[PDB]
Every structure is written in structure tokens, then in C-alpha cells.
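A.B. asks: Questions regarding the structure given below will be posed in turn.
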Number of protein chains: 6
Amino acid sequence: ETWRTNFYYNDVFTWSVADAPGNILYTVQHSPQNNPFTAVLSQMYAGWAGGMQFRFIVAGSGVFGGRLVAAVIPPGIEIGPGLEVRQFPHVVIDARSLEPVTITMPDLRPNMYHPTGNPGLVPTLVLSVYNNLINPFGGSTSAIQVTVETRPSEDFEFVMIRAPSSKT
Amino acid sequence: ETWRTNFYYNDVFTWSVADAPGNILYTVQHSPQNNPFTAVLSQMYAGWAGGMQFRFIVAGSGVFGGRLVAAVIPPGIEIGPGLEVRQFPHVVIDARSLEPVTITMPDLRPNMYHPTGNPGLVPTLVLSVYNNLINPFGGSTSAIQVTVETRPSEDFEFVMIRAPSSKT
Amino acid sequence: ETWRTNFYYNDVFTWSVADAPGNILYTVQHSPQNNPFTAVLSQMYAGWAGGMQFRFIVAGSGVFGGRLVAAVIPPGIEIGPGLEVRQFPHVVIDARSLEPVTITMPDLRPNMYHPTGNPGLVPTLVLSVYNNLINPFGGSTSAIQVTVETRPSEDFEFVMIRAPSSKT
Amino acid sequence: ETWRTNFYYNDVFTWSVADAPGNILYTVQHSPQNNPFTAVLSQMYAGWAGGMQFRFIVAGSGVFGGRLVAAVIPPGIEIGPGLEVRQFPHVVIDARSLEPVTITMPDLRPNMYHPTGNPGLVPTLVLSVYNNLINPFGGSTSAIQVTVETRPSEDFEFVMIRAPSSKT
Amino acid sequence: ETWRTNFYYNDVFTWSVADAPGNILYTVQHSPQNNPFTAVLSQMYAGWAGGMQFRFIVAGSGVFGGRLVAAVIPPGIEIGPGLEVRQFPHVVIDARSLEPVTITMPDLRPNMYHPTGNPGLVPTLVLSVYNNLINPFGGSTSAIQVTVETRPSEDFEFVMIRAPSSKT
Amino acid sequence: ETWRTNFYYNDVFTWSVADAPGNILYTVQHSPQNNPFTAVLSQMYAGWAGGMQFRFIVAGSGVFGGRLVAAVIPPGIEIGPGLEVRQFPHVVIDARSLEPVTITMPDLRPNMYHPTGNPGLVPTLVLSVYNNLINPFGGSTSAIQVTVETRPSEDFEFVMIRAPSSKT
């Protein structure tokens with residue numbers, strides 16, 4: 001299936017020099033709505049399970065400095081300013097990265113599947129500043145953009161086909 | 001075990017000529033209480049899992065016309081007048097059927113087992129009119145009866161034996 | 001895939017005693033729009049190919065008489081009153097049929113695939129009266145209903161995945 | 001060849017309650033003209049041999065009674081009112097038959113092949129009343145229709161290709 | 001054949017800082033005219049089929065930032081400002097890329113071959129801005145050049161040799 | 001065990017242009033307290049042995065210059081300004097390094113294990129300037145940050161389980 005072999009655009013956010021280390025820049029809950037094609041397919045099924053892959057593309061240059069840290073937070077843990085992302089299993093993203101950086105969010109769940117419309121407890125992916133962005137030139141450029149892309153994992157699947165006009 | 005090899009009477013409902021297509025005639029939630037012998041056994045166990053088979057016997061004649069449609073609704077979907085039963089996986093029941101028609105309701109659940117007294121989310125079986133009943137003679141007979149019978153499926157089982165006098 | 005293993009409701013039409021033999025009661029062009037689930041999937045693909053199966057359920061009784069004839073018309077043949085359906089390859093449908101009657105419409109096409117939004121030349125399925133309906137009782141019932149259901153064939157497939165928001 | 005794998009419409013006749021037992025309702029001589037597609041092919045050949053299959057579709061209902069008898073008459077036997085069809089090899093056709101009844105007419109001939117335009121001696125298929133039609137309701141319906149279809153047998157063939165514009 | 005083993009110059013376009021994300025910078029229809037040597041060979045043949053490879057060489061530097069996205073659009077889809085290139089299968093091109101980036105455009109066609117002079121429906125390759133170009137120095141340089149090169153794919157071929165002086 | 005398969009944050013220090021070559025920037029003694037998860041586990045054991053891996057992430061840019069040198073100092077050697085780090089076995093760390101640099105500190109000890117609370121003689125890891133940091137632009141940026149991460153080695157282990165409320 002071609003809809004699960006390629007990465008597709010999901011979202012975009014901004015990283016600036018003002019952001020102090022430890023600040024959270026981007027959070028998203030695990031859901032089929034985070035992919036363009038799973039959102040279409042979800043209207044004819046009553047449940048889902050499996051993980052998803054995320055890919056980050058940094059639109060920086062070779063003169064910038066600074067790093068970001070991304071990690072997956074298990075269900076049942078409060079998300080806020082006092083979260084130590086750097087002490088979870090994580091990956092490191094550079095400002096002058098030329099190749100995309102990929103992190104997989106597995107389906108960490110206490111149930112067997114997520115009902116559509118009420119998935120229950122789900123994991124969360126959190127992006128935060130590890131080292132603050134620096135611009136040695138000090139000109140008019142004080143921020144850069146990061147693009148997010150997603151692709152379903154190998155074990156992702158739908159269950160319990162249903163009528164398209166039904167209500168969850 | 002003879003208590004799980006034969007079909008036994010569960011309920012009965014009425015089908016008339018006045019019922020317009022799409023009207024729901026009979027609904028039942030998945031439960032051990034839908035069989036005479038599982039209801040007795042349920043008083044000494046604390047949990048259950050597995051499916052059940054349903055059998056419909058139509059007390060019609062060779063001059064009637066009209067059809068019914070039966071389907072299993074997954075947990076988490078609202079049941080009401082605006083439910084498109086004909087666009088779920090279903091079976092078709094005729095008014096002049098001589099042989100019984102059998103549909104199996106599997107145990108579609110997000111948990112590992114159903115606690116007794118609080119099973120949680122369960123599937124539902126829905127019977128509705130597919131084509132309205134017709135009587136070409138137009139006499140005094142305007143309704144017929146349908147008998148419902150049940151038998152536990154192969155994978156049905158009880159767990160966690162408990163004292164008979166305990167309270168759930 | 002459960003969306004291609006079961007039959008689902010498509011349409012319904014009326015057959016009465018007034019219809020003279022040779023009259024056409026129901027026609028439909030070959031298209032993914034004739035199935036509830038292929039219509040949803042067609043919004044993310046740019047082409048399709050393959051056949052479809054049709055199933056007819058007659059809501060008659062044991063006292064009616066009369067027969068219908070159904071056939072597949074190859075592309076490039078005019079459809080109208082002067083069409084001899086009975087001299088094409090066809091199937092015969094009875095008024096008192098208890099079991100559904102199934103006919104397969106293959107993908108007869110001069111191209112390699114059908115572009116979505118402009119399929120080109122396609123076959124057509126035609127239903128017409130073979131012997132007129134008769135009611136020996138002669139009461140108030142002069143018409144019966146026929147339900148149509150569809151299921152994709154084994155060789156049906158989609159090609160050329162595309163963005164859901166694109167325009168054909 | 002698709003022209004010899006399917007049944008096609010040939011003719012139709014009427015069966016009523018007035019017809020006394022032993023009356024002949026339908027007769028036809030063995031000929032390539034009894035099939036739509038052999039009639040077209042016969043214009044480029046000078047001879048033919050082989051049998052043909054006949055199929056009868058009764059447009060009755062479940063309340064009618066009565067039976068018909070069909071048999072093949074060898075060449076050289078006079079056909080008329082004093083013909084005992086019931087004492088030839090025969091098949092029995094019911095008024096409330098749901099499935100078509102098939103009889104094969106073999107090529108019983110004293111020659112090697114039939115010249116086109118002068119076949120010589122040929123067999124004949126005869127339909128007659130075995131038990132008279134009865135309508136217990138006694139309303140306005142006193143007759144039913146029977147449709148005839150044909151398909152060439154396995155051993156049917158043409159010989160001696162000729163110019164289409166020649167005269168036999 | 002050396003004419004199908006090496007890349008050769010096709011075209012060039014301009015990328016500037018003013019271009020907003022989503023703007024289309026370069027489009028080309030699939031054709032033998034996009035390669036220097038297939039254009040010469042096309043004057044003695046009446047048809048062609050097969051894909052082509054494209055190669056992009058960015059004349060940027062190590063201080064620029066920004067990315068482009070390239071994708072193949074199937075035949076029968078409207079090309080314009082409201083095209084979501086980022087949600088097709090695509091490749092990502094960087095402003096400071098040192099190595100060339102290659103994308104293959106297959107021959108997506110509903111026919112068997114493309115007649116020369118009237119190929120019919122053909123795919124299209126589209127280049128658009130994914131992240132806008134940025135120059136941290138902010139001097140006089142506000143645009144860069146991108147060179148395009150092509151090479152026929154393995155399955156490309158010509159058919160139906162014809163006189164060089166004939167007219168299509 | 002996931003607590004010994006991933007790197008986790010330990011500390012951070014500052015590197016500036018003012019630091020002359022040979023100056024020491026960061027020193028740490030070998031201890032279970034240098035990892036977040038070994039510090040928790042150390043409260044229920046009475047001894048430990050084995051090495052630890054260190055990882056350095058430099059938050060520099062592509063325009064900076066300068067290098068650092070890191071080495072492991074055996075127990076029993078005085079640590080001070082007159083230490084020739086460059087003439088020990090060492091690794092070299094660059095200011096514009098994109099990938100992390102890893103050095104392993106083995107458990108060089110004259111005993112069999114380190115008692116908790118009084119480990120005895122232990123090795124030390126020393127970071128010092130090899131070539132001074134340079135900023136060709138000469139703007140307001142005169143310092144960069146270096147992040148330190150740790151992960152236990154393969155041969156690290158605890159011994160002699162003890163009551164959590166005991167005192168060493």
C-alpha cells in the first residue's frame with residue numbers, strides 16, 4: 001500500500017533565539033489524525049492500534065548553532081514546564097542538520113485497542129530546547145522553521161469495519 | 001457439556017405490516033444473561049469472555065413477503081433511528097424461511113475479560129426491517145412472531161471462581 | 001480486507017404488474033461509486049480497474065409469478081427501448097426466488113485503467129422484464145421491491161495515490 | 001466460442017386451463033434457424049449436422065397445478081392428434097417449476113449431413129398436455145406463458161464453406 | 001548506447017528569497033523533447049513509451065537556508081496554485097546540497113504507447129517551495145540558480161520506424 | 001534493562017575564547033553518582049565495580065574554530081595546572097563537531113570493588129583546551145556550551161544488597 005510507504009507533511013513550528021533551554025516547542029498526542037491518509041480511512045473503522053514514525057526537517061543554515069531534544073512520554077505522566085525531557089529516552093536534533101531525523105512513537109497502551117472517538121490513554125511526543133539557538137552574525141534573522149512529517153509504522157492496523165455514516 | 005451443545009429459547013418479538021423499512025424491531029446487549037444455563041453458572045464466577053450464537057425461527061407462511069436484516073454493532077457506536085444496519089456486515093432473514101437463520105456475535109472488547117456485574121464496553125445485536133411485510137390476501141392477519149434462541153460459542157469461558165453468596 | 005469480503009446495500013427499485021415484457025426497469029454504469037466503501041477510497045487515488053459483483057434480493061411471495069432478465073452490455077452499444085437483452089449472455093431472476101441471484105460485471109475496457117473523474121468507455125448492467133408479473137388473487141398488491149447489493153471483484157484495485165485535497 | 005456456451009431466447013407459447021389432456025401446444029422441426037447465432041452463420045456454409053439443446057422456463061406460480069410432457073419424434077412418423085407422446089421417451093414439466101427443464105434433441109438422420117436449404121428427414125420436438133392446468137382460486141387468471149431457449153450441442157458443426165452471395 | 005548512459009543539460013530556473021512557501025517554481029510535461037538526444041531520434045519514429053530520470057544541481061552555498069519539494073502528478077489532475085505537492089510522494093531538495101538529487105518520472109499512461117505529435121495524457125513533474133530561502137548575511141545576493149539534467153530510464157524505447165520526411 | 005541502554009544528561013560547562021591552551025575546563029571523579037539511574041540504585045547496595053561511558057555534545061556552529069582534548073587519569077596522579085593531558089591516551093573534540101564524541105572511562109582500581117560511601121582510589125576524567133576557540137566574525141558571541149551525557153558500561157554491576165534505610 002503506497003499510503004503507508006512514504007512520509008507526508010503533518011505540521012510546522014518555529015524555533016527562535018529567545019527560547020530558553022528546557023522550553024517546550026511542540027507537543028502532539030498519538031492519533032490517526034496525525035497522518036493525511038489515516039484520517040480518511042478512520043471514518044469507516046471502529047478501532048485502531050499500532051505506532052507511527054515522525055520525521056523532522058530543519059530549515060537552518062551552516063552558521064547557526066543549537067540543539068533540540070525529542071522524547072516519547074508514557075501515558076499517565078503529567079506534561080508541563082517541570083518535565084525533564086533530557087532524562088527520558090530521546091534523540092538529539094541539530095540546527096544545521098542536513099539529513100532528516102526520525103523518531104518512532106510506539107503504541108504504549110494498557111488496553112487491546114483504541115476505540116475511535118475515545119482512544120483512552122495514549123502516549124505523547126514532546127519537543128524541547130536542549131541548547132539555545134545562536135546566530136553569530138547577529139543580523140535580522142532570529143528564528144528558523146521545522147517541518148514535521150509522519151508515516152504509519154509496520155504494526156499499525158484498523159479493526160471492526162463500520163458504516164461510513166454511523167456516529168461514534 | 002450438554003449445556004453448550006444445544007440451542008435454547010431466549011425471547012420472542014412481533015413483526016407487523018405497519019413497520020416501515022429501517023425500523024428497529026429487536027436489540028440485545030452481549031451478556032451471559034441471554035442464555036438460560038449461563039445465567040445459572042454466572043453466580044459462582046467473577047468474569048467471563050467469548051461469543052454467543054443466535055438463531056431466529058420465523059412463524060410465517062408461504063404467502064407472506066418481506067425481509068429482515070440483522071447485524072452486530074461494535075462497542076462505542078450510538079444506537080438509534082439513524083443507524084444504517086444495511087451497511088454493516090449482516091445477514092438476511094426471509095418471512096417464509098423454513099430453516100432457522102444463525103448469526104454469531106463475537107466478543108469485541110478492548111479489555112481481557114468482562115467483570116461480572118460491570119462488563120464494560122460490549123457489542124450489540126440489532127434487528128431491523130429490510131423490506132416491509134406484505135399480505136396479498138389482506139385479511140385479519142397483519143403480524144407474525146419470531147422466536148430467538150441462543151447457544152454459547154466455542155471460545156466462551158468463565159474465570160475466577162468465587163463464593164456463591166458473595167456480592168459483585 | 002473486510003471492506004471487500006461482504007455485500008453491502010446499493011439501491012432499490014420497483015417491479016409492478018403494469019410493466020410489459022421488454023421494458024427496462026433498472027440500469028447502472030460501471031463505477032466505484034456503486035459501492036459504499038469504494039466511494040470513500042476513491043478520493044485518494046487517481047485511477048481504478050477491475051470488476052464488481054451485483055446481488056439481487058426479491059421481496060416477493062410464493063403466490064406471485066413472473067421473471068426478470070439481467071445482462072451486461074459491452075461499451076459502444078446504444079441503450080434504449082430497442083435493446084434485445086434476452087439475446088445477450090444473461091441470468092434469469094424469479095419473482096418467488098428465496099435465494100439471492102448474483103451476476104458479475106467484468107471490466108470490459110479498451111484502455112489500461114480508468115482515470116478518476118473521466119473513466120472513458122465503460123460497460124452497463126441492464127435489468128428488464130422477461131415475463132410480466134401476475135397476481136392470481138387480484139387484490140390491492142400490484143408491485144414488489146427488489147434490493148440491489150454490491151461487492152468488489154477479486155481483480156479490482158486502485159492505482160496512483162494522490163493528495164486527498166487535489167482536484168481531478 | 002461464446003455463441004455456443006449460453007442459452008438464448010427462441011420462442012414463447014401459451015398454456016391455458018381450457019386445453020384438454022393430450023392436446024399439442026408447441027412443435028418445432030430440427031433446424032439451425034432455431035438459434036439466433038446459428039441462423040447468422042448458416043449463410044456462409046452448405047451443410048450442417050449435430051443436435052441442439054432446448055430449455056423451458058415456466059412463468060407460473062406456487063398455487064397452480066398441472067404438468068406438461070415433451071418428447072422427440074423420430075423422422076418418418078406422422079405428427080397429429082393421434083400421437084401418444086406419453087409413450088415415447090420424454091421429460092415431465094411442472095406448472096410451479098422454479099428451475100428450467102432441459103431436453104436434448106439429437107440429430108437422428110439417415111444421411112451423413114443436412115444440405116442447407118434441403119435438410120431432408122429431420123426429427124421433431126413435441127410439447128403436449130399431460131395433466132390439465134388448474135387454478136384453485138378461480139379468478140381472472142386462466143393462462144400462463146412458457147419461454148423457450150436453445151443452445152447448440154457439443155457435436156454440432158458446419159461443413160463446406162461457401163460464398164455468402166450464393167444461392168442454395 | 002552512450003546516449004542513454006549519461007545525464008545531459010536540459011534547463012535552468014531561479015529561486016529567490018521572495019518566493020512564499022507553496023509557490024510553484026518549475027513544471028514540465030513528460031516528453032522525449034526534454035532530452036537533447038531523444039529529440040533528435042524522435043524524428044524517425046512514430047511512437048514512444050517509458051520513463052525519464054531528472055537530476056537537480058543547486059548552485060547554493062553553505063550559509064543559505066531553505067528547502068524545495070518535487071513530485072510527480074498523475075494524468076488527469078488539475079495543476080495550479082491550489083495543489084498540495086507536499087502530500088504527494090515526493091523528494092526534498094536542500095539549498096546547501098552538495099550532491100545532486102535524482103527523481104524518476106515513470107510513464108503513467110492509460111494507453112499502450114504515445115503517438116508522436118499527439119501523446120495524449122501524460123504525467124507532470126512539479127517543483128515548489130517547501131521552506132522559504134533565507135540569507136542570514138542580508139547582502140546583495142537574494143537568488144540562486146538550479147540546473148536540470150535528464151537521462152532516459154531503462155524501459156524507454158521507440159516504436160514504428162518511419163520516413164524522416166513524413167509529417168505526424 | 002532500559003536504564004543501561006541509553007545515554008542520559010549529566011552536566012554542562014562553558015568554553016570561551018579567553019581560555020588559553022592547556023587550561024582545564026571540566027573534571028569529574030568516577031562514581032555511580034554521575035548517572036541519574038545508578039544514583040537511585042546505589043541506595044540499596046553496598047558496593048559497585050565497572051566502567052562508564054561519557055558523551056559530549058558541542059553546541060557550536062560551522063564558523064567557529066578550536067579543539068579540546070579529553071583523557072582518563074589513573075589513580076595516584078596529582079591533578080592540577082601542570083598536567084600534560086595531551087601526552088596521555090586521549091581523544092580530540094572539535095568545535096564544529098556534528099556527531100557526539102564518546103570516551104570510555106574504565107574502572108582502574110587496586111581493589112576488588114568500591115565500598116559505597118568510601119570507594120577509595122578512583123580514576124578521573126579531565127577536559128582541557130587543545131587549541132583556543134576562535135571567532136572570525138568577532139561579534140558578540142564569545143562562548144559556547146558543551147553537554148555531557150553518561151551510560152554505564154557493559155561490565156558495571158552492583159554487589160551486596162542491603163536495607164534501604166541503613167547507613168554506610
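Numbering starts fresh at 1 for the residues of each chain in the C-alpha cells, the chains themselves are lettered A, B, ... in the order given, and ligands are numbered from 1 as they appear.
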Just the strand (DSSP E) stuff from chain C, please, per backbone DSSP, written as a PyMOL selection string.

C.D. replies: chain C and resi 8-16+24-29+45-49+52-58+65-73+90-94+101-105+114-115+124-134+143-152+157-161

A.B. asks: Would you mind exporting C-alpha atoms of the selected residues as a PDB file, in the first residue's frame?

C.D. replies:
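Output (again.pdb):
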ATOM      1  CA  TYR C   8     -23.489  -4.035   1.015  1.00  0.00           C
ATOM      2  CA  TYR C   9     -26.671  -2.178   0.109  1.00  0.00           C
ATOM      3  CA  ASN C  10     -26.581  -0.091  -3.077  1.00  0.00           C
ATOM      4  CA  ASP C  11     -30.103   0.697  -4.347  1.00  0.00           C
ATOM      5  CA  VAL C  12     -33.714  -0.460  -4.709  1.00  0.00           C
ATOM      6  CA  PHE C  13     -36.323  -0.362  -7.477  1.00  0.00           C
ATOM      7  CA  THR C  14     -39.956  -1.301  -8.076  1.00  0.00           C
ATOM      8  CA  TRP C  15     -41.495  -4.038 -10.238  1.00  0.00           C
ATOM      9  CA  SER C  16     -45.201  -3.901 -10.978  1.00  0.00           C
ATOM     10  CA  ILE C  24     -36.262  -1.782 -18.774  1.00  0.00           C
ATOM     11  CA  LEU C  25     -36.568  -1.368 -15.002  1.00  0.00           C
ATOM     12  CA  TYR C  26     -33.018  -0.655 -13.795  1.00  0.00           C
ATOM     13  CA  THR C  27     -29.731   0.422 -15.397  1.00  0.00           C
ATOM     14  CA  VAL C  28     -26.393   1.395 -13.858  1.00  0.00           C
ATOM     15  CA  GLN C  29     -22.980   2.248 -15.297  1.00  0.00           C
ATOM     16  CA  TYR C  45      -6.474   7.630  -5.844  1.00  0.00           C
ATOM     17  CA  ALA C  46      -6.212   8.718  -9.475  1.00  0.00           C
ATOM     18  CA  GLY C  47      -7.279   5.511 -11.237  1.00  0.00           C
ATOM     19  CA  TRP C  48      -9.021   2.176 -10.914  1.00  0.00           C
ATOM     20  CA  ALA C  49      -9.619  -1.095 -12.741  1.00  0.00           C
ATOM     21  CA  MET C  52     -17.800  -5.769  -9.473  1.00  0.00           C
ATOM     22  CA  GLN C  53     -20.389  -8.301  -8.308  1.00  0.00           C
ATOM     23  CA  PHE C  54     -24.102  -7.486  -8.041  1.00  0.00           C
ATOM     24  CA  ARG C  55     -26.700  -9.297  -5.923  1.00  0.00           C
ATOM     25  CA  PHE C  56     -30.493  -9.051  -6.202  1.00  0.00           C
ATOM     26  CA  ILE C  57     -32.935  -9.770  -3.358  1.00  0.00           C
ATOM     27  CA  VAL C  58     -36.597 -10.012  -4.394  1.00  0.00           C
ATOM     28  CA  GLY C  65     -45.444 -15.193 -10.930  1.00  0.00           C
ATOM     29  CA  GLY C  66     -43.136 -13.612 -13.465  1.00  0.00           C
ATOM     30  CA  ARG C  67     -39.437 -13.398 -14.297  1.00  0.00           C
ATOM     31  CA  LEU C  68     -36.743 -10.795 -14.965  1.00  0.00           C
ATOM     32  CA  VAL C  69     -33.618 -10.913 -17.132  1.00  0.00           C
ATOM     33  CA  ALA C  70     -30.303  -9.170 -16.417  1.00  0.00           C
ATOM     34  CA  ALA C  71     -27.329  -8.766 -18.749  1.00  0.00           C
ATOM     35  CA  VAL C  72     -24.081  -6.829 -19.188  1.00  0.00           C
ATOM     36  CA  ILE C  73     -23.872  -4.557 -22.242  1.00  0.00           C
ATOM     37  CA  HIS C  90     -27.813 -13.196 -19.188  1.00  0.00           C
ATOM     38  CA  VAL C  91     -29.244 -14.604 -15.965  1.00  0.00           C
ATOM     39  CA  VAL C  92     -32.884 -15.238 -15.042  1.00  0.00           C
ATOM     40  CA  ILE C  93     -34.465 -13.905 -11.834  1.00  0.00           C
ATOM     41  CA  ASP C  94     -37.746 -15.260 -10.458  1.00  0.00           C
ATOM     42  CA  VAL C 101     -29.134 -14.162  -7.591  1.00  0.00           C
ATOM     43  CA  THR C 102     -25.615 -12.959  -8.401  1.00  0.00           C
ATOM     44  CA  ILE C 103     -24.204 -11.575 -11.661  1.00  0.00           C
ATOM     45  CA  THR C 104     -20.638 -10.343 -12.185  1.00  0.00           C
ATOM     46  CA  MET C 105     -19.901  -7.319 -14.377  1.00  0.00           C
ATOM     47  CA  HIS C 114      -9.958   4.293 -15.838  1.00  0.00           C
ATOM     48  CA  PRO C 115      -8.864   7.797 -14.763  1.00  0.00           C
ATOM     49  CA  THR C 124     -23.507  -1.180 -18.352  1.00  0.00           C
ATOM     50  CA  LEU C 125     -25.807  -3.557 -16.463  1.00  0.00           C
ATOM     51  CA  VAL C 126     -29.436  -3.662 -17.624  1.00  0.00           C
ATOM     52  CA  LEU C 127     -32.479  -5.203 -15.919  1.00  0.00           C
ATOM     53  CA  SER C 128     -35.629  -5.820 -17.961  1.00  0.00           C
ATOM     54  CA  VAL C 129     -38.884  -7.765 -17.788  1.00  0.00           C
ATOM     55  CA  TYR C 130     -38.806 -11.287 -19.238  1.00  0.00           C
ATOM     56  CA  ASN C 131     -42.320 -12.417 -18.237  1.00  0.00           C
ATOM     57  CA  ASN C 132     -44.833  -9.982 -16.773  1.00  0.00           C
ATOM     58  CA  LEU C 133     -45.711 -10.115 -13.083  1.00  0.00           C
ATOM     59  CA  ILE C 134     -49.024 -11.825 -12.278  1.00  0.00           C
ATOM     60  CA  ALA C 143     -45.997  -4.218  -7.081  1.00  0.00           C
ATOM     61  CA  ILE C 144     -42.941  -5.654  -5.320  1.00  0.00           C
ATOM     62  CA  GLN C 145     -39.499  -4.329  -4.402  1.00  0.00           C
ATOM     63  CA  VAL C 146     -36.047  -5.568  -5.430  1.00  0.00           C
ATOM     64  CA  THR C 147     -32.941  -4.723  -3.386  1.00  0.00           C
ATOM     65  CA  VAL C 148     -29.505  -4.372  -5.011  1.00  0.00           C
ATOM     66  CA  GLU C 149     -26.193  -5.119  -3.279  1.00  0.00           C
ATOM     67  CA  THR C 150     -22.591  -4.942  -4.496  1.00  0.00           C
ATOM     68  CA  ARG C 151     -19.152  -6.305  -3.598  1.00  0.00           C
ATOM     69  CA  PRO C 152     -15.856  -5.656  -5.430  1.00  0.00           C
ATOM     70  CA  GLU C 157      -7.706  -2.368  -7.488  1.00  0.00           C
ATOM     71  CA  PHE C 158      -6.699   1.287  -7.208  1.00  0.00           C
ATOM     72  CA  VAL C 159      -3.588   2.951  -8.640  1.00  0.00           C
ATOM     73  CA  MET C 160      -1.680   6.238  -8.413  1.00  0.00           C
ATOM     74  CA  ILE C 161      -2.172   7.518  -4.853  1.00  0.00           C
TER      75      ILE C 161
END

A.B. asks: So that I can check the surroundings of residue 77 (chain D), please list as a PyMOL selection string every protein, DNA and RNA residue that reaches within 12 Å of it, counting only C-alpha atoms and ignoring chain neighbours fewer than 4 positions away.

C.D. replies: chain D and resi 72-73+82-85+121-124

A.B. asks: For chain E, work out the contacting residues on chain A at 8 Å, counting only C-alpha atoms, and write them as a ChimeraX atom specification.

C.D. replies: /A:6-9,36,59-63,98,137,139-141,145

A.B. asks: Those same residues, written as a PDB file, in the first residue's frame with C-alpha atoms?

C.D. replies:
ATOM      1  CA  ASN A   6       6.041   7.333   2.162  1.00  0.00           C
ATOM      2  CA  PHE A   7       6.322  10.255   4.565  1.00  0.00           C
ATOM      3  CA  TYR A   8       3.763  13.052   4.269  1.00  0.00           C
ATOM      4  CA  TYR A   9       3.516  16.579   5.644  1.00  0.00           C
ATOM      5  CA  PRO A  36      -3.296  12.682   5.998  1.00  0.00           C
ATOM      6  CA  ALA A  59      15.335  24.729   7.583  1.00  0.00           C
ATOM      7  CA  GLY A  60      18.542  26.052   9.098  1.00  0.00           C
ATOM      8  CA  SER A  61      21.919  27.002   7.682  1.00  0.00           C
ATOM      9  CA  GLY A  62      25.578  26.231   8.261  1.00  0.00           C
ATOM     10  CA  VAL A  63      26.202  29.227  10.543  1.00  0.00           C
ATOM     11  CA  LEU A  98      21.196  18.260   6.556  1.00  0.00           C
ATOM     12  CA  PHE A 137      26.231  37.238  12.706  1.00  0.00           C
ATOM     13  CA  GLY A 139      21.521  40.286  11.893  1.00  0.00           C
ATOM     14  CA  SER A 140      17.776  40.323  11.254  1.00  0.00           C
ATOM     15  CA  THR A 141      17.304  36.522  11.275  1.00  0.00           C
ATOM     16  CA  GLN A 145      11.271  26.692  10.852  1.00  0.00           C
TER      17      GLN A 145
END

A.B. asks: Identify, with DSSP run on backbone atoms, the residues in region 40-118 of chain C assigned to helix (DSSP H, G or I), and express the list as an MDAnalysis selection string.

C.D. replies: chainID C and resid 40:44 85:87

A.B. asks: Now that the selection is made, can you save its residues with C-alpha atoms as a compact mmCIF listing (two decimals), in the first residue's frame?

C.D. replies:
# COMPACT_ATOMS: atom_id res chain seq x y z
CA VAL C 40 -14.72 6.63 0.19
CA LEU C 41 -11.43 5.17 -1.03
CA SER C 42 -11.73 6.80 -4.46
CA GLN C 43 -10.94 10.25 -3.04
CA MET C 44 -7.23 9.43 -2.55
CA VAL C 85 -31.48 -8.10 -23.58
CA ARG C 86 -32.75 -11.68 -23.91
CA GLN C 87 -30.22 -12.35 -26.71

A.B. asks: Can you pull out every residue within 6 Å of residue 50 (chain A), counting only C-alpha atoms, but drop anything in the same chain fewer than 5 positions away, and send it as a VMD selection string?

C.D. replies: chain A and resid 107 155 to 156

A.B. asks: Quick one: write out the picked residues with C-alpha atoms as a PDB file, in the first residue's frame?

C.D. replies:
ATOM      1  CA  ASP A 107       1.620   2.291  20.894  1.00  0.00           C
ATOM      2  CA  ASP A 155       2.287  -2.834  13.069  1.00  0.00           C
ATOM      3  CA  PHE A 156      -0.383  -0.141  12.577  1.00  0.00           C
TER       4      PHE A 156
END
